[PDB]
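Each chain, written out:
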Amino acid sequence: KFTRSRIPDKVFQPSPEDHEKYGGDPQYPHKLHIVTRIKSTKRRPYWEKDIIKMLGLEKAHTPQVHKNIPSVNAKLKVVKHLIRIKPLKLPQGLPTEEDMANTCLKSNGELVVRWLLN
Amino acid sequence: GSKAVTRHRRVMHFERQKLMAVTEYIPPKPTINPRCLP
Amino acid sequence: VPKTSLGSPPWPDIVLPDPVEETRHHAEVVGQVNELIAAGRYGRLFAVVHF
Amino acid sequence: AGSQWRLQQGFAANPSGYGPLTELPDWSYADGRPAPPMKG
Amino acid sequence: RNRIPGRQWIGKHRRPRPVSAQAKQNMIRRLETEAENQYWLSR
Amino acid sequence: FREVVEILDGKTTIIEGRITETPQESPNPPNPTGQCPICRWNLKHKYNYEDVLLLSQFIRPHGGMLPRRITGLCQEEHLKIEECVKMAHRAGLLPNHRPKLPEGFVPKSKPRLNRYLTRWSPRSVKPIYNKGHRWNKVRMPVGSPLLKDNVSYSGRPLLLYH
Amino acid sequence: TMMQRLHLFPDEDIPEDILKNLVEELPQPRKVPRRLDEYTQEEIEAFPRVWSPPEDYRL
Amino acid sequence: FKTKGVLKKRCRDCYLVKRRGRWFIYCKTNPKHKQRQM
Amino acid sequence: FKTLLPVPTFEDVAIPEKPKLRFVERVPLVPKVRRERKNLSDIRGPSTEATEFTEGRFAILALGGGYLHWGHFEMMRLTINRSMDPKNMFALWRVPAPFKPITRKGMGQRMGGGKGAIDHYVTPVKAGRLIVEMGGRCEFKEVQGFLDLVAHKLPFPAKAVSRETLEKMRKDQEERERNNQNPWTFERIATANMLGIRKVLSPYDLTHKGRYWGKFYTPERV
RNA sequence: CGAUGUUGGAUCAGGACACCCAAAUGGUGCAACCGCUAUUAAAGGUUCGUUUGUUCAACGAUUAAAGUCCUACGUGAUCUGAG
RNA sequence: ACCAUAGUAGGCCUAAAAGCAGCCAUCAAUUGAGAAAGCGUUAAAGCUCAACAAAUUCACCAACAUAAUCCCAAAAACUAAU
Ligand SMILES: [Mg+2]
Ligand SMILES: [Mg+2]
Ligand SMILES: [Mg+2]
Ligand SMILES: [Mg+2]
Ligand SMILES: [Mg+2]
Ligand SMILES: [Mg+2]
Ligand SMILES: [Mg+2]
Ligand SMILES: [Mg+2]
Ligand SMILES: [Mg+2]
Ligand SMILES: [Mg+2]
Ligand SMILES: [Mg+2]
Ligand SMILES: [Mg+2]
Ligand SMILES: [Mg+2]
Ligand SMILES: [Mg+2]
Ligand SMILES: [Mg+2]
Ligand SMILES: [Mg+2]
Ligand SMILES: [Mg+2]
Ligand SMILES: [Mg+2]
Ligand SMILES: [Mg+2]
Ligand SMILES: [Mg+2]
Ligand SMILES: [Zn+2]
Ligand SMILES: [Zn+2]
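Residues numbered from 1 in each chain as written, not as in the entry; some residues may be left out. Chains lettered and ligands numbered in written order. Part of a larger assembly, values for the part shown. Heavy atoms only, no water.

Determination of this PDB entry was carried out by cryo-EM to a resolution of 3.9 Å, according to the record.

As named in the PDB entry, chain G is uL13m, taken from Sus scrofa.

Chain E is annotated in the PDB entry as Mitochondrial ribosomal protein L57 of Sus scrofa.

For a metal bound by four donors in tetrahedral geometry, the ideal donor-metal-donor angle is 109.5 degrees, whereas six donors in octahedral geometry ideally sit at 90 or 180 degrees. Protein coordination at the zinc ion (ligand 21) comes from B:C36 (SG), F:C36 (SG), F:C39 (SG) and F:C74 (SG), with a distance range of 2.3 Å. Metal-centred angles of 109 to 110 degrees between the 4 donor atoms at the zinc ion (ligand 21) mark the site as tetrahedral. Here B:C36 is found in the segment after helix 1 (14–22), whereas its partner F:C39 is found in helix 1 (residues 37–41) on a different chain. By relative accessible area, B:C36 is classed as buried at 6%. (Donors = N, O, S within 2.8 Å, 3.2 Å for Na, K, Ca; no water. Tetrahedral: all angles 85-135°; square planar, octahedral: opposite > 155°, others 65-115°. Helix = DSSP H or I, 4+ residues; strand = E, 2+ residues; numbered from the N terminus. Buried < 20%, exposed > 50% of the residue type's maximum accessible area, 1.4 Å probe, protein only.)

Below, the discussion takes up the UniProt feature "binding site: Mg(2+) 3" (unreviewed entry) in chain E. Residue and element names in this part refer to chain E. Residues annotated in UniProt with the feature "binding site: Mg(2+) 3" (unreviewed entry) correspond here to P5, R7 and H13. Secondary-structure assignment places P5 in the segment before helix 1 (21–40). By secondary structure assignment, the location of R7 is in the segment before helix 1. (UniProt positions renumbered as here; feature names shortened; annotations may be inferred.)

Our focus in this paragraph is the protein's contact with RNA strand K. Lining the immediate environment of RNA strand K, one finds 36 residues, of which E:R1, F:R68, F:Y116, F:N130 and H:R12 sit closest. A breakdown of the atoms of RNA strand K within 4 Å of the protein gives sugar and phosphate a share of 55%. In the model, a base nitrogen of RNA strand K is placed 3.0 Å from a nitrogen or oxygen of the F:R156 side chain. Between RNA strand K and H:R12, the relevant distance is 2.5 Å, taken from a sugar or linking oxygen to a side-chain nitrogen or oxygen of the residue. (Near = heavy atom within 4 Å. Polar contact = N/O pair within 3.5 Å; in protein donor to acceptor, adjacent residues only side chain to side chain.)

Residue and element names in this part refer to chain H. For the zinc ion (ligand 22), the full set of protein donor atoms is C11 (SG), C14 (SG), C27 (SG) and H33 (ND1), and the range of their distances to it is 2.3 Å. Written as a sequence motif, the donor arrangement for the zinc ion (ligand 22) is C-x2-C-x12-C-x5-H. Exposure remark for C27: the relative accessible area of 4% places this residue in the buried category.

Structure below.
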């Protein structure tokens, strides 16, 4: 019988070289996930379909911002084979209320606050 | 529908064949052949 | 030096000009084009435009 | 094509993504006054 | 001359269709993407 | 090089050995530390059937191969060079390394068909009348499998069966 | 229709009515390898001798 | 000649030779030992 | 002129009484009246029992799964008895007598109607399980020579191995699996559920690690 | 199952070789003839009668041979109806 | 490739068991040869292996036919391919 797959905790134990390979900070974990649905939910289990629905990834190739908490990390682990996950980068910091209409999201994973100045 | 264990080698699914091909063993190949090496 | 079929790559070697000479040549070419534009010796112009 | 090169350089995988070919106004009045903004 | 008994992709004797280098590269790319995902889902 | 000379003079046979001058190796090899000749001249994964100047260095004047215990090559390169020499001989290279037969050169036969990268012998392969379907196809081998380790500047693998 | 426009000749014996129509000659897709006797002596001498045969051996 | 899938020498005077693309066990003392690999 | 080498001497080996193989019964003394379902788990997967030498120094190692019945038992027994040395060699079984019943139906019977009739009995053997273990004051060349025929005649593929040969092959397998170059491995992918491959794979694949497929075992697949 | 007409024969045969002859060979417990096996080769042939509806089957006379099959165990908008 | 001599027919049963239907011992001569690892005789005889003396490439297993209307895209081992 085909059922849900238990994922052992050993898989999510990062190696020292993984941080250098993927450009991650070994000390401070990132704050927000940018998730993009790559594959389709057809020919996939209904629980995976429901997870992708509750994660707000109905439209493929559209990034979505989520927290870095274990509550959503559990679902991200469940459907990790259908999404690409990147850390949100803020070179210019969090946009204020005066820059909400001038923000943009570059494909490299960073959020620019001042976009197209004049 | 065939049984789990058969005699005809039980030709696998295409995804399983791709997985086997990807996970095939790759021996370590040294840069210089040591036979004719000093 | 031994010369075999696979000893050398099967494509002619490419040599690029020096960066300073390339910059000087580009300056000369752009100056000539600007002079052509100023003199107005162009008859008809076509344009690829995104719209 | 050429999506990987654009991704490495930081541009969108598709040239229509947040590039100047789409963000800028594609037309304007001959007098110079701004054109109405685009729905997209 | 060479017949495939039964249906082409159902019976005990199926088509011997092999795996291609393009498929291998695609699977490797997907595996790398998922490995990066599970790295980011660690901390 | 040693040559055997036979002299017949009045029911008397004289068999003698004569030593001639032989060329020597070039003074400067790129990798003097290599034990093997090819492996020290850095021709490994470089030669092919097209390179006749290297294949002609150690072969008998009648097209025969030379012993490895006398040549000095590693086993893999010896086998590869034997295959390359066979391929060149079948393709028609080394025209001067055939035995001289005054009687046999007058009765000409059908013109020699041009060929290259021939793996098997021309007189031992039966034509494939079935040729196989798409899934099961009897592919035609071209080239020797021992040459699959050669450098590929384009990077594409060499099709050994087509 | 496009096959009727194709002309194939076993040898270099082409009628003049066809020869007068030729515009350009396409390069050969395969480089013809040289034979041993076709190599020049200067190139033969330039190519190094990889191995030194012993004097005692007989060929 | 006997056509077989596996060739083995039945005496010390049998020699194995590759001819016409096949393998042949040839014996001169005992002609009955002639074997041809199929 | 050639250099002499010391010949291995076997002084700590004692030949027990009745070194030849014991006769086995096609049907056990107590037949199984209740018909049993043909479980395939007794063949699928690696062998857990009879995986190590007990008293002998050579063995017949099975690289695949199968069923051994009275014909195979008689063949092995007769061959070993007629090709063994009773004074310097002894043999021992590692598989029990045929006990699992096999049901058969006569020709011309349509599908269904109930279970068939017990025809014969077989013994299930998994891959990696020894069949016959031999010992004595002999070398490895002759025992391998006269056991290769038995291994070939066995249904599943088999080899005539020794303690040294088994250790060598296990060490080579471990070395290959630890120096494998590609970072992607079947065990890692199956455990991590990469690409959602658990849909195509089987729950037993998590333990088989891609080395076992049905009754067939490939030692070269890491 | 708003029809795929069902055995044998008459006529016409197509094809495969896992060959009966005809052809080229090897080994033989092949001295010669009759023989026994093994390889390749399918352009051509593979009989006439009695009994049985018979396919098979048994018998008579021969032949170099009376080969095994597929073809809706070929062929009823060509035929025969004995079962 | 290179050659093969000595106690000796080692001792028992058997018409014969001389390395060889079988059982027990398995010593000892020449630097160098097993009461003999394969052929062979009714029994022998005789022919090979390993032992010295002559050199010393590598040398463990792995190869397997077929059906019927007519085979079945053609083709291509290197110009730079995540
Ligand atoms: Mg099922
Ligand atoms: Mg079908
Ligand atoms: Mg089918
Ligand atoms: Mg077997
Ligand atoms: Mg009907
Ligand atoms: Mg109808
Ligand atoms: Mg109708
Ligand atoms: Mg016909
Ligand atoms: Mg035939
Ligand atoms: Mg005949
Ligand atoms: Mg015919
Ligand atoms: Mg039928
Ligand atoms: Mg009919
Ligand atoms: Mg009819
Ligand atoms: Mg009618
Ligand atoms: Mg009809
Ligand atoms: Mg009637
Ligand atoms: Mg002595
Ligand atoms: Mg000797
Ligand atoms: Mg045959
Ligand atoms: Zn070498
Ligand atoms: Zn012989």
